[PDB]
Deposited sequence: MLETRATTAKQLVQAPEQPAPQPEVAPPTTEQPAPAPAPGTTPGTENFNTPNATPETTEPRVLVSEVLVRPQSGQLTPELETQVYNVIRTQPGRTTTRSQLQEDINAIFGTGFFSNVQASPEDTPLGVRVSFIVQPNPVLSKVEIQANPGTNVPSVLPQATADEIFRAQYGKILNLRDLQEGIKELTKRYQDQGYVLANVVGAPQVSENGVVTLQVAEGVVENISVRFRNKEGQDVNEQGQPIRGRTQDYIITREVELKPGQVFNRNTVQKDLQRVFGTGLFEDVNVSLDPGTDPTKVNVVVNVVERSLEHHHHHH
């Protein structure tokens, strides 16, 4: 089975800018890796996944530094930017009103982008396609986020006739 190493220290760090204490807490809440317990490769990966799972970060990695006392594990995280807007990209024009992205996602504007809250809005978008007769509409790939906080959702809307 997987080798284990004792962990001496866990540091949570911003990849750039500052890390809010509220966001640092978010990381500490979901990781199991901890000072004075062992960890493993997989446990680190799983902690990384759980950090992403919170929805507040665009990038997450674990950086381990071995010492005589145990490994110092640094979780380096890049908070999402503030959500400025969500755009739908239908084409390689959207069959939904121009303003439907704003109607659904407006409430999340001006706050840090959270991908869980984004996904709830995506579900509501999907239901709107369905309401208008486009019952096979799917988001293509993952939401693309700009450093300026513009989220572009590529959608295979389908055609009806």
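**Q** What are the missing stretches of the deposited sequence, listed from start to end?
**A** The deposited sequence has unmodelled segments at 1-57, 150-153, 223-316.
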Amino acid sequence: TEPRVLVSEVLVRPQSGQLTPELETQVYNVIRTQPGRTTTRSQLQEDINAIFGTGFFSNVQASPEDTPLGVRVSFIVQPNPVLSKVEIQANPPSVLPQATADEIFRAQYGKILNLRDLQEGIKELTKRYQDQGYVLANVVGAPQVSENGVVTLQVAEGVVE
From here on, numbers count along this sequence of modelled residues.
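**Q** Going by the B-factors listed in the PDB entry, is the mean over the C-alpha atoms higher for 123-131 or for 100-108?
**A** So the stretch with the higher mean C-alpha B-factor is 100-108.
**Q** Highest mean C-alpha temperature factor of the two stretches 10-18 and 134-142, which is it?
**A** Stretch with the greater average CA B-factor: 10-18.
**Q** Hey, out of 49, 26, 38, 43, whose CA B-factor is highest in the deposited coordinates?
**A** Across 49, 26, 38, 43, the entry lists the biggest C-alpha B-factor for 26.
**Q** What third of its chain's C-alpha B-factors does residue 70 belong to: lowest, middle or highest?
**A** Lowest third of the chain for residue 70's C-alpha B-factor.
**Q** Would you mind checking where the Cα B-factor of residue 33 ranks among the modelled residues of its chain, as the lowest, middle or highest third?
**A** For residue 33, the deposited C-alpha B-factor lands in the lowest third.
**Q** Relative to the other modelled residues of the same chain, rank the CA B-factor of residue 92 and answer lowest, middle or highest third.
**A** Residue 92: CA B-factor falls in the highest third of its chain.
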